[PDB]
Amino acid sequence: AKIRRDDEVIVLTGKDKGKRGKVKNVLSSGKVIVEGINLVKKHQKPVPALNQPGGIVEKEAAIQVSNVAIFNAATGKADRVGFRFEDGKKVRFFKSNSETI
Amino acid sequence: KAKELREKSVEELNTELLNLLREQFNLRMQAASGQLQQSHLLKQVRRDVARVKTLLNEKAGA
Amino acid sequence: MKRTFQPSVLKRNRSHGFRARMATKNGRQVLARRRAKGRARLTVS
Amino acid sequence: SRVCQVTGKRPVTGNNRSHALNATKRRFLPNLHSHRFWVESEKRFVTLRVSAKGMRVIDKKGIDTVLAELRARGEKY
Amino acid sequence: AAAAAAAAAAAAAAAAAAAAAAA
Amino acid sequence: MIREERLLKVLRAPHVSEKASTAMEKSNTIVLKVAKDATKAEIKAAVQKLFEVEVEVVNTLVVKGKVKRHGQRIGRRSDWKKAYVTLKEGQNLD
RNA sequence: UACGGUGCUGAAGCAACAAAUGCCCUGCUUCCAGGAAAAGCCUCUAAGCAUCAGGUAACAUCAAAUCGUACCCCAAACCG
RNA sequence: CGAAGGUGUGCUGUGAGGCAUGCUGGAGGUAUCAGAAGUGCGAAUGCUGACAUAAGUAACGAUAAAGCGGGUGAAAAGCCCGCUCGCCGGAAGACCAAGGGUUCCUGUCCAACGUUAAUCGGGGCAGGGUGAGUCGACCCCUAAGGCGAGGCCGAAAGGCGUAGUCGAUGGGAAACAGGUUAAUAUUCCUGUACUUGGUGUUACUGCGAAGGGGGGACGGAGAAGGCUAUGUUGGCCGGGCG
RNA sequence: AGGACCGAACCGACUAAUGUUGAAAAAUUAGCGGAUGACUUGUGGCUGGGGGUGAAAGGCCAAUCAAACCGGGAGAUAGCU
RNA sequence: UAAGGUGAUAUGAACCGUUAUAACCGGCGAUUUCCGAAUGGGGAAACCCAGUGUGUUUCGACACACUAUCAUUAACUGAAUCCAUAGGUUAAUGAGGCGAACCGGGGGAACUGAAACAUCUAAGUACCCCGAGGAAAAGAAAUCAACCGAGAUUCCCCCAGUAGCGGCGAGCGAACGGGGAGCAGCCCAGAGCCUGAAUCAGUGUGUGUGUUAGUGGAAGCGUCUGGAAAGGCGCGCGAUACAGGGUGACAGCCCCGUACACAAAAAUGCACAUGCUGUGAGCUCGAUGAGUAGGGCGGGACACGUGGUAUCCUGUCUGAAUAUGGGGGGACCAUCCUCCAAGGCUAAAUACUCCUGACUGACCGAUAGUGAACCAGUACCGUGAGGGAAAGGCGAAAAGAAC
Ligand SMILES: [Mg+2]
Ligand SMILES: [Mg+2]
Ligand SMILES: [Mg+2]
Ligand SMILES: [Mg+2]
Ligand SMILES: [Mg+2]
Ligand SMILES: [Mg+2]
Ligand SMILES: [Mg+2]
Ligand SMILES: [Mg+2]
Ligand SMILES: [Mg+2]
Ligand SMILES: [Mg+2]
Ligand SMILES: [Mg+2]
Ligand SMILES: [Mg+2]
Ligand SMILES: [Mg+2]
Ligand SMILES: [Mg+2]
Ligand SMILES: [Mg+2]
Ligand SMILES: [Mg+2]
Ligand SMILES: [Mg+2]
Ligand SMILES: [Mg+2]
Ligand SMILES: [Mg+2]
Ligand SMILES: [Mg+2]
Ligand SMILES: [Mg+2]
Ligand SMILES: [Mg+2]
Ligand SMILES: [Mg+2]
Ligand SMILES: [Mg+2]
Ligand SMILES: [Mg+2]
Ligand SMILES: [Mg+2]
Ligand SMILES: [Mg+2]
Ligand SMILES: [Mg+2]
Ligand SMILES: [Mg+2]
Ligand SMILES: [Mg+2]
Ligand SMILES: [Mg+2]
Ligand SMILES: [Mg+2]
Ligand SMILES: [Mg+2]
Ligand SMILES: [Mg+2]
Ligand SMILES: [Mg+2]
Ligand SMILES: [Mg+2]
Ligand SMILES: [Mg+2]
Ligand SMILES: [Mg+2]
Ligand SMILES: [Mg+2]
Ligand SMILES: [Mg+2]
Ligand SMILES: [Mg+2]
Ligand SMILES: [Mg+2]
Ligand SMILES: [Mg+2]
Ligand SMILES: [Mg+2]
Ligand SMILES: [Mg+2]
Ligand SMILES: [Mg+2]
Ligand SMILES: [Mg+2]
Ligand SMILES: [Mg+2]
Ligand SMILES: [Mg+2]
Ligand SMILES: [Mg+2]
Ligand SMILES: [Mg+2]
Ligand SMILES: [Mg+2]
Ligand SMILES: [Mg+2]
Ligand SMILES: [Mg+2]
Ligand SMILES: [Mg+2]
Ligand SMILES: [Mg+2]
Ligand SMILES: [Mg+2]
Ligand SMILES: [Mg+2]
Ligand SMILES: [Mg+2]
Ligand SMILES: [Mg+2]
Ligand SMILES: [Mg+2]
Ligand SMILES: [Mg+2]
Ligand SMILES: [Mg+2]
Ligand SMILES: [Mg+2]
Ligand SMILES: [Mg+2]
Ligand SMILES: [Mg+2]
Ligand SMILES: [Mg+2]
Ligand SMILES: [Mg+2]
Ligand SMILES: [Mg+2]
Ligand SMILES: [Mg+2]
Ligand SMILES: [Mg+2]
Ligand SMILES: [Mg+2]
Ligand SMILES: [Mg+2]
Ligand SMILES: [Mg+2]
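What counts, and where the lines are drawn
Residues numbered from 1 in each chain as written, not as in the entry; some residues may be left out. Chains lettered and ligands numbered in written order. Part of a larger assembly, values for the part shown. Heavy atoms only, no water. Helix = DSSP H or I, 4+ residues; strand = E, 2+ residues; numbered from the N terminus. Contact = heavy atoms within 4.5 Å. Buried area = accessible area lost by both parts, 1.4 Å probe. Salt bridge = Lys/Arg side-chain N within 4 Å of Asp/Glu carboxyl O. Polar contact = N/O pair within 3.5 Å; in protein donor to acceptor, adjacent residues only side chain to side chain. Nonpolar A, V, L, I, M, F, W, Y, C, P; charged D, E, K, R; others polar. Near = heavy atom within 4 Å.

Caption draft 1: Quick look at the side chain of A:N38. Along the chain, A:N38 falls in the loop between β4 (31–34) and β5 (63–64). Residues within four places of A:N38 in sequence aside, it is in contact with A:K15, A:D16, A:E60, A:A61 and A:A62.

Listed below in structure tokens is the structure:
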């Protein structure tokens, strides 16, 4: 897998191309959840137990993993991340300027 | 934990099995009632009594 | 009137049960025709 | 069954043809008897479900050679 | 829920003649 | 002598009902939910050994499970066994 | 007193008659169309076993397992 | 900056047709010349789905029969409660086997089901509920019969059948009374019991069968006697003086 | 005493009416025959298709019988619609 | 391999895990309830009842293992019987059951066509049964041919719808010969003497190859439309990769890939390098498959229906020679030609797909394609064999409508 959990990504399409943010957790099918960018206004119908109030909450919903790319801060662009065997231990590296994360 | 469970004697593995079973019975009688919030302990003791019985089965006869 | 199915599970299992199918020769081809057909219950029993 | 215990003569099938060539199916049955054969190397009697050509082939050979062939064929004679 | 209790109409059983026949 | 892991495997639950509570108070009978293939002597030995309580006699029956309809597909709940273990005269066990 | 209940007390509690297809009856009388089988159970012994085992009159002590026990059952629940 | 498809119009072709466009639709379509066909529907008492028609017509399923008040609700002819009325009473009452399989009981909802309404239900949902030494199966024993090691027979399959082994609707040990649950009770609780086995202790000595024998062990009809269930009458106790 | 008598259970099914797309793919009502026998019925067994069984009607064999039902030969064949 | 997982409707609490004992995937093990050939006895499949031996026992009993039937052989025994014999007691060694089609064998129809029907056809077809294998059968001339010559078997194309068979009707229909695929030949019928060399079968160490996890894997931006660009506009780059599938509208350059280049501790199919255990090639002399070939009768297969009918198989009766002998050469006879039955074994080409992968479709796109795009041989019907449906689509993402 390329787009891991920690790294600040920049999106490439959607209603908010040109925005960016961190990554919270990646789902199974390949839909990551980014730090508050493709937010949705989920209406909430309440519950007596379980402690939920009930209202419009503007949480974040998913965005597909082939629309995010790692924010190459050494140039400011987005950059496709390739892989390399180092010390017997496969790690990531960029393509523009070729540094290793 | 089977690395250390190889490194016990046969009767010590038997007694480990029996005390694991007493833990499993007390967790069973607790989770029958409203007495369990740590729910993963059931799965933990069940997998570990499987491991202890496996190591009995591979010691005795081999 | 008196209809033509007076159910009795003794006669039912004794004439259409699995062992009463398994005993004969074209009874074992009855069970092997339903397994290839893939049915839910092979016989009554 | 109807088997010559010496020569293995099974009942074969054929057609009764009529004079007007109407055909029907029939079973040629081998001529069987139950003869009791005297051996010497066992010094006793032994029965056989023999045919008449079986009695003639045992007349030709001798019964002990035929019993050797029958036990090599593997049957309780 | 949604039971949808609409099974197909298997209706026709048999017949007979049973009529005064012109002959 | 019964196997100790067998006596640890037999008892599965207690039972929680109005009849169970009234039978616990008026007759000193605990009501248990036991394994499917248990028997009377094994249940009596297990209830004397695990809870460490003197036990007179045991009364077992087999509850037939219901047939429910979850969603739209029909299904069978699993049968089990219920056991009225009485206790000795003047002996507490919760 | 939650009108649903619930606890303590509680007298008389006999006699005569009638009487069944049920019991004695797996009996008795009678007829011919001549009216299941094997184990329980009682008893005799051959083998053998030789005062060992066993048997039987007790006496104490332990057990009696598993399964069906809801409900309808001349029907709104079985067969139509 | 809107494809197929759908719906409208206008033009045009000798006809099957074609083109342009407005609306709906929201992602595919395909010139030209050739090629291959599951290539054209109005009829087959054609096949499947949908919707008519008769028509808001027949019918609402025993000619045992209902009426009133009070409760519940948004809503009572049908539900709950009370008061009357009617019907069965060798059944339209009670206990079962076969059979069904949670319909039994509580709480909740009335979408569908109920030949109508429904707060009701044998409907949906969640929970509860069946307690056996003595009842019945399981067990021991066999009937008609079934399978049937060997065997006999049979192109093969297999058919028959002995030892056997299964097969109840029959034979074989033992529990009744009273009380409780919303739901079990000859099962739970109280009282009083009884049966078959092991074990061990005391006394006594011929025990033992795959056997021999007794018994188990047996029809139809009738007739009488003794009784009992059970009822009626009196007494006795308690209530009553309309 | 009896394949005796009158008559309920129980077995039937003789007449009439009602239904006949019914309450019911043979029933209800009012009468009717037998009702200690060649009776009737519970439960289990047996006989298999040119075969069974039949107090005999070509009847009955799962609402079907001058030769059942299910699959296969099989898209039988059809000078016919 | 690994930073994310605790299978799906299916969210939730509870957790585990981030440098490699979380999870995921492959190899090998262990557990493997009950029914099922069921195999300890039984049986209304998923249940009841055991007995023997070994243990432990708080004497209440639990735990373990065993126990079917036949075929073969081994020992023990052991009847009427005298030895003996059957029989019985164990012991091992195997089989049993399932499975689509293909193969060989044992049985074997009828509708139908003949414009009717009986010979015939349908057809040795459907079907029943037995047996074995990944192939099976056949197979090494008692075969052809024609005075030349070929030198197993099987399969394909021709010969040829010819020669024939035929109530001479309906129809059935070769072969000789030639082109191809592939080509492999040996042994017991028995003794001496070389005396272990060719050889195959079975058991193993090493190489290589293939499978069961996998890893790397190129190259793009700015703008207008738009909800969103993969679209239009301009401008670049990769390409042994422009096969494909996604991605908020059509992407070689966003992702997964493919091309290519590698990787397996372990089991492993195979080519073997080759050790081990059985195994003997090799030489000479001899032997040349008997109730058999033929014959009478009755049938069957060859294209061949008794016809002038060769040849092959046998239900029955019969019955030789045996290398100077015999079979055949399409009645039969004489010369000639050729070949040596009555005992075996044998690879390949060929038939098939219940399956396991990759790939393609002038194949279908929900009344189609399997019956089945879905929790289908399910609901349901039938006592039972069996019969047997309907039923896909919100969106891009539930943002599934707070109030
Ligand atoms: Mg993308
Ligand atoms: Mg069925
Ligand atoms: Mg014929
Ligand atoms: Mg019980
Ligand atoms: Mg009851
Ligand atoms: Mg538009
Ligand atoms: Mg189109
Ligand atoms: Mg259009
Ligand atoms: Mg498309
Ligand atoms: Mg027309
Ligand atoms: Mg039409
Ligand atoms: Mg209509
Ligand atoms: Mg209308
Ligand atoms: Mg009208
Ligand atoms: Mg009118
Ligand atoms: Mg009306
Ligand atoms: Mg009514
Ligand atoms: Mg009315
Ligand atoms: Mg009222
Ligand atoms: Mg009313
Ligand atoms: Mg009255
Ligand atoms: Mg009643
Ligand atoms: Mg229900
Ligand atoms: Mg009720
Ligand atoms: Mg209720
Ligand atoms: Mg309403
Ligand atoms: Mg209604
Ligand atoms: Mg209900
Ligand atoms: Mg009793
Ligand atoms: Mg018995
Ligand atoms: Mg018998
Ligand atoms: Mg038999
Ligand atoms: Mg046998
Ligand atoms: Mg009985
Ligand atoms: Mg009895
Ligand atoms: Mg009740
Ligand atoms: Mg009790
Ligand atoms: Mg006796
Ligand atoms: Mg009598
Ligand atoms: Mg009295
Ligand atoms: Mg009085
Ligand atoms: Mg007065
Ligand atoms: Mg009379
Ligand atoms: Mg009447
Ligand atoms: Mg009378
Ligand atoms: Mg027939
Ligand atoms: Mg007639
Ligand atoms: Mg009929
Ligand atoms: Mg016929
Ligand atoms: Mg047709
Ligand atoms: Mg045909
Ligand atoms: Mg999940
Ligand atoms: Mg068994
Ligand atoms: Mg038994
Ligand atoms: Mg068995
Ligand atoms: Mg014919
Ligand atoms: Mg004909
Ligand atoms: Mg014809
Ligand atoms: Mg072969
Ligand atoms: Mg040869
Ligand atoms: Mg020559
Ligand atoms: Mg990769
Ligand atoms: Mg790449
Ligand atoms: Mg779109
Ligand atoms: Mg020769
Ligand atoms: Mg010879
Ligand atoms: Mg001969
Ligand atoms: Mg001959
Ligand atoms: Mg000849
Ligand atoms: Mg001949
Ligand atoms: Mg010849
Ligand atoms: Mg010639
Ligand atoms: Mg559609
Ligand atoms: Mg379909």
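The discussion continues.
Caption draft 2: Looking closely at the interface of chain F and chain B. At the junction of the two partners, chain F supplies ten residues and chain B supplies eight residues. A combined buried area of about 930 Å² lies between chain F and chain B, and 67% of that area is made up of carbon and sulfur atoms. Taken together, chain F and chain B are joined by one salt bridge. Our enumeration of links across chain F and chain B arrives at three residue pairs in polar contact. Here the element with the most residues in the side of chain F that touches chain B is helix α1 (residues 4–10) of chain F; it accounts for five residues. Among the residues forming the side of chain F that touches chain B, the class breakdown is six nonpolar, no polar and four charged.

Caption draft 3: Seen up close, the environment of A:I56. All names here are of chain A. Structurally, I56 can be placed in the loop between β4 and β5. Once the C-alpha coordinates of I56 and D16 are considered, the two residues, 40 residues apart in sequence, prove to be 21 Å apart. In this structure, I56 is in contact with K41, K42 and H43, ignoring residues within four places of it in sequence.

Caption draft 4: Representation of the protein's contact with RNA strand H. Inspection of the region around RNA strand H gives 26 residues, with C:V9, D:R2, F:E18, F:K19 and F:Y84 positioned closest. Atoms of RNA strand H within 4 Å of the protein belong to the sugar or the phosphate in 79% of instances, the rest to bases. D:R2 is positioned such that a nitrogen or oxygen atom in its side chain is 2.3 Å from a phosphate oxygen of RNA strand H. Between RNA strand H and the protein, one listed contact pairs a phosphate oxygen with a side-chain N or O atom of F:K40 at 3.3 Å. Listed by contribution, the elements that provide at least two residues to the surface near RNA strand H are α1 (9–16) of chain C together with α2 (18–26), β3 (58–61), β4 (67–70) and β6 (81–86) of chain F.

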